Amino acid sequence: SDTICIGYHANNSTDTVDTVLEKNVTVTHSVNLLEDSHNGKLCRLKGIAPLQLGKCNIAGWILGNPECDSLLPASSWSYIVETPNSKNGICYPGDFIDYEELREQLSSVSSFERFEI
Amino acid sequence: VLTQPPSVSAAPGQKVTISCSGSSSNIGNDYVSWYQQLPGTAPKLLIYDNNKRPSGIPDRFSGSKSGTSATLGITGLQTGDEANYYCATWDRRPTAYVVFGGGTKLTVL
Amino acid sequence: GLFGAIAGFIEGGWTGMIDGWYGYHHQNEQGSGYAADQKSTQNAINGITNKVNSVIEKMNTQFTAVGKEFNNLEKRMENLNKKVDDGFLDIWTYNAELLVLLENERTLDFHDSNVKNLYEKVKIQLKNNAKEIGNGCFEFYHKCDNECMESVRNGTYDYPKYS
Amino acid sequence: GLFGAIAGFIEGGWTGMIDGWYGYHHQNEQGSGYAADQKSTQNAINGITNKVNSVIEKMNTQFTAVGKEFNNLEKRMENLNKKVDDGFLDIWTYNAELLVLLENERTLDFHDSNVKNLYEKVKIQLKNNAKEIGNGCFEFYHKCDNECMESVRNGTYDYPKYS
Amino acid sequence: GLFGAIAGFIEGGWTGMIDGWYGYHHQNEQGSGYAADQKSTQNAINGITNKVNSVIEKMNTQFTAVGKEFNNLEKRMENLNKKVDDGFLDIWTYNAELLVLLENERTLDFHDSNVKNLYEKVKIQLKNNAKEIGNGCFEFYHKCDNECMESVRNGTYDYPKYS
Amino acid sequence: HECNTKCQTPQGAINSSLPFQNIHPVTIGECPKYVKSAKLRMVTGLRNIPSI
Amino acid sequence: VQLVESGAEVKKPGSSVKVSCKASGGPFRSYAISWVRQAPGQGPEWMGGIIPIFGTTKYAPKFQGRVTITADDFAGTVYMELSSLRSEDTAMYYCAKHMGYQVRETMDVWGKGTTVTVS
Amino acid sequence: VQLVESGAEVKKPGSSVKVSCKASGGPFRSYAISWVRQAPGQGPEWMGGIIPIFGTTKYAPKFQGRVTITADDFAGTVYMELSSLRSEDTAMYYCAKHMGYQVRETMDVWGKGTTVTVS
Amino acid sequence: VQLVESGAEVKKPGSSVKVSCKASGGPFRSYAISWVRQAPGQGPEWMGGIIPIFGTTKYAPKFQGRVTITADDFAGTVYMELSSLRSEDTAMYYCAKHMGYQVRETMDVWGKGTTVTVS
Ligand SMILES: *[C@@H]1O[C@H](CO)[C@@H](O[C@@H]2O[C@H](CO)[C@@H](O)[C@H](O)[C@H]2NC(C)=O)[C@H](O)[C@H]1NC(C)=O
Ligand SMILES: *[C@@H]1O[C@H](CO)[C@@H](O[C@@H]2O[C@H](CO)[C@@H](O)[C@H](O)[C@H]2NC(C)=O)[C@H](O)[C@H]1NC(C)=O
Ligand SMILES: *[C@@H]1O[C@H](CO)[C@@H](O[C@@H]2O[C@H](CO)[C@@H](O)[C@H](O)[C@H]2NC(C)=O)[C@H](O)[C@H]1NC(C)=O
Ligand SMILES: *[C@@H]1O[C@H](CO)[C@@H](O[C@@H]2O[C@H](CO)[C@@H](O)[C@H](O)[C@H]2NC(C)=O)[C@H](O)[C@H]1NC(C)=O
Ligand SMILES: *[C@@H]1O[C@H](CO)[C@@H](O)[C@H](O)[C@H]1NC(C)=O
Ligand SMILES: *[C@@H]1O[C@H](CO)[C@@H](O)[C@H](O)[C@H]1NC(C)=O
């Protein structure tokens with residue numbers, strides 16, 4: 001008999017949200033604001049490769065440890081990477097005075113030139 | 001399909017009209033919009049909703065629709081009106097999709 | 001909801017209405033069919049995208065932040081550094097979770113309000129030439145063809161012509 | 001309130017209704033009496049306990065935190081420590097007070113909405129066989145015994161039988 | 001708005017009503033004129049001033065706070081000091097902006113609710129001796145002089161006397 | 001390895017435009033904000049009540 | 001708003017191509033977006049469009065099995081992929097606004113253009 | 001929902017006892033909680049119950065002057081105290097859920113039991 | 001609430017004066033504020049008042065072109081300025097509360113007073 005009705009939309013989605021008065025409300029449309037996925041590898045930052053020390057630490061890299069013979073040509077990087085097995089530092093026992101301040105200073109250096117003083 | 005007169009020729013200061021004719025499938029049950037493309041640029045909207053104008057469009061441009069055909073009228077013609085004019089309508093029966101015209105070369109003397 | 005329309009006196013949604021959020025379903029001698037209401041859906045979409053963009057804008061991008069090192073005789077400064085890091089992390093976690101939890105409820109009430117407003121808009125138009133059935137539904141007294149339906153779904157229904 | 005039912009067109013509460021938040025009071029030849037509405041009260045209780053549990057959960061337990069010591073030549077670090085402590089205390093005090101203040105108003109609007117929904121539910125059922133008096137009250141035209149009363153409060157009132 | 005009265009079924013404001021926020025416009029044989037409603041305006045003013053005073057009170061005054069100095073061998077503590085300052089500034093900026101943004105919307109819904117309540121209060125009074133026109137307007141069936149108007153704008157309109 | 005990125009953590013690179021992450025608090029580059037949450041979903045549609 | 005396409009591309013037949021479109025303003029939009037093709041010497045051609053929130057996509061019956069249109073939302077970018085390139089998919093490609101959330105016939109803002117050559 | 005009572009107790013006549021019940025989940029609940037007694041070799045016996053928000057307590061006419069039921073809300077526990085122990089208050093005591101906020105006849109979740117001996 | 005005026009002032013003819021009024025409580029108020037004048041040996045005189053949110057000001061027809069009343073809101077202070085002093089602008093000046101937001105006839109709270117001499 002010539003009828004007219006008002007209504008709203010429904011679909012087959014199964015995505016739920018939380019409010020204060022209720023949990024797990026299924027809704028028609030929603031967006032996700034959190035990221036929890038990575039690729040699992042150390043990559044290059046905007047073109048430049050990082051500097052991986054490997055067996056050495058900052059003290060061994062800078063002092064010239066006999067086991068860090070491969071880091072000599074390095075002159076540029078985007079960040080420095082250390083590992084928990086970086087144990088080749090000072091071979092002769094003694095004290096390195098103001099070492100953490102040196103690390104803090106090097107945390108803002110992107111390149112250097114090594115010359116014979 | 002929308003068919004327009006391929007060319008138009010008139011003198012400065014005159015009034016000209018281009019007719020977009022179609023069929024009951026597209027033109028008879030929808031609106032028509034008009035676009036003007038200068039040589040080397042993207043199209044620009046002139047008339048929408050069959051007689052309406054956006055912001056920044058002069059009063060010299062107007063248009064209307066008559067049954068199964070629309071018409072765009074330009075009065076106050078000058079040299080800066082050298083372009084191609086296209087008519088468009090949202091066809092909808094088997095599978096709805098936008099349909100463009102053929103083209104019109106409004107030549108000024 | 002606070003307005004009683006969604007899951008209220010209109011107890012279910014339509015899976016046959018695919019182009020909008022709110023709309024009409026009509027029935028006469030020509031046939032039946034659904035049809036979305038474009039103005040209400042457009043206004044709701046504007047509001048929702050505004051809200052999402054504001055939420056995105058209020059949180060700024062985080063730049064480089066790496067840890068420090070201390071020796072065996074600098075425990076107090078190391079503990080202070082840990083305290084600062086943990087406190088800021090806790091504060092921002094609380095802020096984010098509370099913002100999402102509080103915005104979801106308002107978003108759910110918005111649609112209920114819109115549906116109720118549409119129902120009232122139609123009801124004041126028909127007033128006397130239609131019977132309210134109860135499920136968001138109106139049954140005409142006279143014969144309402146497609147011109148009548150399209151005028152009802154436009155706001156320009158002519159009351160005096162149909163008595 | 002925003003909905004105009006509590007302290008609005010229903011201007012007072014009932015001290016004789018002890019088992020619920022919202023309900024009915026009836027009167028016929030058999031007698032009078034109050035009776036709570038179980039579904040509305042149950043839904044409101046669920047919502048309120050959910051809100052309280054969420055508020056409790058968003059605040060985590062505080063673990064051991066004691067002070068430090070400095071000498072006469074370490075004033076800058078001592079001042080930084082005081083700054084950090086005071087700032088965190090201020091931030092958390094602000095958070096707690098604002099949360100309570102903002103939740104109380106929504107809690108008060110929730111009950112007003114529920115009362116209005118119950119009133120409208122009854123009004124659409126009676127429609128024509130009852131007169132609206134004004135104080136949330138309906139006066140029947142026909143004779144309504146206990147079966148009719150129980151059908152009204154169940155949602156299955158039969159309109160055609162009583163004309 | 002959420003209640004559909006302001007910019008809804010009442011689509012415009014009055015520049016001729018200068019002494020209040022909400023009111024009436026009447027028309028009979030004596031003449032025309034606007035008139036504000038004092039109780040609604042008083043309640044709204046109380047609420048709004050309470051809200052502004054609470055917002056002012058929740059923010060405390062800032063006392064003296066100047067910077068420190070470090071030498072070339074104290075970069076870690078200098079960086080920690082910068083971190084603390086920047087973090088607290090960011091947190092308080094976020095708090096202030098969010099508070100203002102969220103309070104504005106509630107303030108705008110408050111007035112819509114008040115206008116709707118006034119309209120319903122008048123509508124339940126007139127019920128049958130007046131026709132609803134649609135723009136917030138009522139047209140009487142009988143003759144309403146200034147005593148009848150002043151009783152309508154008081155809540156004591158006598159329904160039985162005018163049938 | 002031999003790749004490219006704009007945001008690096010001690011556990012991998014991040015490839016998103018979302019405003020939040022819960023991978024690592026230590027980052028290098030232009031990175032989202034770190035939170036300890038496990039779920040942050042924002043609603044844009046209405047309640048889903050199909051079949052009716 | 002401003003619409004900016006990607007750079008110009010030249011390929012050889014049998015391959016596919018992917019063009020992009022970036023819009024100014026907030027990442028989330030309330031208008032539909034369309035892609036238009038124009039060969040040198042002829043009128044424009046509508047290829048397909050996408051809807052902001054519902055995510056629906058529409059294509060022309062000619063370009064049914066080849067074109068694929070996607071969006072990013074949080075980035076503000078729209079992508080179009082065309083597969084099995086012939087020697088006739090050499091034209092100028094435009095990105096077009098729509099006004100409302102539906103793919104109607106009224107496109108009020110256009111981009112600048114991007115040439116894709118096939119040889 | 002899991003309900004866990006306290007340990008088993010043995011007392012001698014003339015004293016009082018206090019048993020407890022802990023429920024899993026959020027501290028605040030939306031259902032009523034009852035205490036049930038069962039002597040060895042007979043059917044169960046309803047003692048009394050408590051209501052979540054209104055705080056009303058109900059007792060059986062037999063156990064009207066001895067039993068006292070209380071709640072903690074923020075801890076999530078319910079306590080029952082029985083005074084003036086006789087030699088017949090030696091049974092198994094159960095903690096029972098109720099479904100709704102009222103103390104009806106339908107208890108859908110039970111605990112495990114707790115023996116109180118009197119000697 | 002408590003209303004406190006400024007100190008007592010003595011000037012000589014031809015100059016102007018500015019008196020002040022401070023109210024206790026929150027900075028923003030929901031009542032109107034009036035200024036009243038009383039010469040020695042005569043009844044009081046209403047000068048003018050101000051409205052809380054709409055900002056409207058009202059003056060007596062006698063003091064039309066001389067008085068100016070302003071407010072500070074965030075400070076909680078109201079200022080009155082009287083220009084072109086004569087030998088008759090020597091009286092006691094009171095600050096008066098009003099009850100509601102309108103400047104009616106009912107002032108329910110008064111200050112303490114402030115003498116302005118002109119010589
Ligand atoms: C909302 O849904 C989630 C996922 O379905 C529920 O998470 C489960 O919660 C129960 C106890 O509450 C656990 O035993 C399950 O292991 C959880 N499942 C997963 C996959 O984590 C959650 O409980 C629901 N919320 C409510 C209030 O019921
Ligand atoms: C649907 O409603 C609109 C809104 O009023 C109508 O628009 C009017 O259309 C007439 C011509 O039919 C014009 O003269 C008016 O200027 C339009 N009004 C406005 C505000 O633009 C429209 O006509 C209605 N549709 C139908 C089929 O009647
Ligand atoms: C009160 O309302 C409920 C809900 O409609 C009624 O429940 C129905 O009861 C009949 C038998 O009387 C069953 O056949 C139906 O299956 C029930 N429906 C549902 C949805 O459960 C109930 O009967 C009503 N009470 C009275 C006294 O009429
Ligand atoms: C306007 O309404 C008020 C509120 O009812 C009326 O106030 C009553 O006035 C009568 C005398 O006219 C008193 O006996 C009552 O005690 C008053 N009631 C209250 C609650 O104070 C007022 O009279 C009405 N105005 C007119 C002109 O009728
Ligand atoms: C809903 O139906 C569509 C139809 O193809 C399907 O693609 C989609 O996966 C369905 N949604 C879910 C959640 O299954
Ligand atoms: C990841 O990043 C690379 C380059 O940084 C990009 O090409 C790619 O589209 C991103 N997304 C995925 C899913 O690989």
Side-chain angles (χ1 to χ4, degrees), chain A residues 9-17 24-32 35-50 78, chain C residues 7 9 11-19 134-135, chain D residues 24 26 35-40 42 118 121-122 124-125 144-162, chain F residues 1-9 11-18 21 23 27-32 41 45 48-52, chain G residues 6-7 16-20 22 51 54-58 68 70-81:
Chain A
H9 174 70
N11 55 28
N12 67 357
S13 98
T14 43
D15 267 308
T16 70
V17 299
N24 289 337
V25 189
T26 307
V27 290
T28 53
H29 306 276
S30 53
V31 297
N32 185 45
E35 179 68 277
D36 55 4
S37 272
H38 55 87
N39 72 14
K41 69 199 56 166
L42 297 166
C43 296
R44 312 209 271 81
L45 208 74
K46 302 187 288 274
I48 331 171
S78 45
Chain C
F9 67 91
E11 37 158 341
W14 290 338
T15 62
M17 204 190 64
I18 49 137
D19 42 341
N135 198 25
Chain D
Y24 313 90
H26 85 265
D37 193 62
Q38 256 84 45
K39 303 182 56 283
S40 315
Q42 185 74 71
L118 191 63
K121 276 196 206 107
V122 178
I124 84 191
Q125 275 193 108
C144 179
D145 63 307
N146 275 9
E147 280 38 71
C148 160
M149 287 290 175
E150 262 300 333
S151 79
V152 172
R153 324 199 289 261
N154 192 36
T156 74
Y157 169 83
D158 190 44
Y159 179 71
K161 157 149 66 143
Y162 316 97
Chain F
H1 286 84
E2 225 293 293
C3 325
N4 255 268
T5 194
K6 281 270 172 183
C7 173
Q8 178 78 54
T9 56
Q11 297 171 0
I14 300 162
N15 213 0
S16 71
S17 325
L18 308 189
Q21 48 109 4
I23 292 143
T27 58
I28 300 193
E30 271 101 35
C31 297
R41 185 166 282 265
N48 206 1
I49 308 146
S51 63
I52 325 190
Chain G
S6 68
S16 55
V17 73
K18 212 200 191 179
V19 214
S20 99
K22 174 98 171 49
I51 276 171
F54 293 76
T56 321
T57 57
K58 300 180 173 38
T68 286
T70 52
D72 214 325
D73 316 291
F74 272 98
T77 317
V78 183
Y79 298 93
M80 174 214 180
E81 163 127 26

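Every number for a ligand or one of its atoms is a count from 1 in the order of the listing. Letters go in sequence order (proteins before strands), and every chain restarts at 1.
Distances from atom 2 (O) of ligand 3 to the protein include at least one heavy-atom value under 4.0 Å. Using a 4.0 Å threshold on non-hydrogen atoms, atom 19 (C) of ligand 3 does not count as touching the protein. Protein non-hydrogen atoms do reach within 4.0 Å of atom 26 (C) of ligand 3. Per-atom contact check: atom 12 (C) of ligand 6 touches the protein, criterion being a heavy-atom distance below 4.0 Å. Protein heavy atoms are absent from the 4.0 Å sphere centred on atom 8 (C) of ligand 3. Per-atom contact check: atom 22 (C) of ligand 3 touches the protein, criterion being a heavy-atom distance below 4.0 Å. Proximity of atom 12 (O) of ligand 3 to the protein is not indicated, since no non-hydrogen protein atom lies closer than 4.0 angstrom.
Looking from atom 5 (O) of ligand 6 to the surrounding protein, the closest heavy atom is F:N4 O, 3.7 Å. Scanning all protein heavy atoms for the shortest distance to atom 5 (O) of ligand 3 gives D:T156 CG2, 4.0 Å. Of the protein's heavy atoms, F:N15 ND2, 3.8 Å lies nearest to atom 8 (C) of ligand 6. Atom 6 (C) of ligand 5 has its closest protein heavy atom at A:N12 ND2, 4.2 Å.
Between F:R41 and the choices A:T16, A:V27, A:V17, A:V31, the side-chain contact (heavy atoms from CB on, under 4.5 Å) rule is met once, by A:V17.
Relative ring orientation between A:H9 and G:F54 is described as perpendicular, the plane-to-plane angle rising above 60° on a 0-90° scale split at 30° and 60°.
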Output, in order, the C-alpha distance, side-chain angles, deciding distance and verdict of side chain to side chain contact (heavy atoms under 4.5 Å, CB included) for A:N39 and F:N15. CA-CA 9 Å; A:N39 72 14; F:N15 213 0; over 6 Å; no

Between F:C7 and F:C31, does a disulfide (SG to SG under 2.5 Å) hold up when you go through it step by step? CA-CA 5 Å; F:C7 173; F:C31 297; 2.0 Å; yes

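For the atom pair CZ of A:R44 and CD of F:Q8, the computed distance is 12.0 Å after rounding to the nearest 0.5 Å. How far CZ of D:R153 is from CD of D:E150: 4.0 Å, rounded to the nearest 0.5 Å.
When all heavy atoms are compared, the tightest approach of A:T26 to A:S13 is CG2-O, 3.7 Å.
Within the listing of ligand 3, atoms 1 (C), 2 (O), 3 (C), 22 (C), 24 (C), 25 (N), 26 (C), 28 (O) sit less than 4.0 angstrom from a heavy atom of D:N154.
A heavy-atom distance below 4.5 Å is found between the side chains of F:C3 and A:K41.
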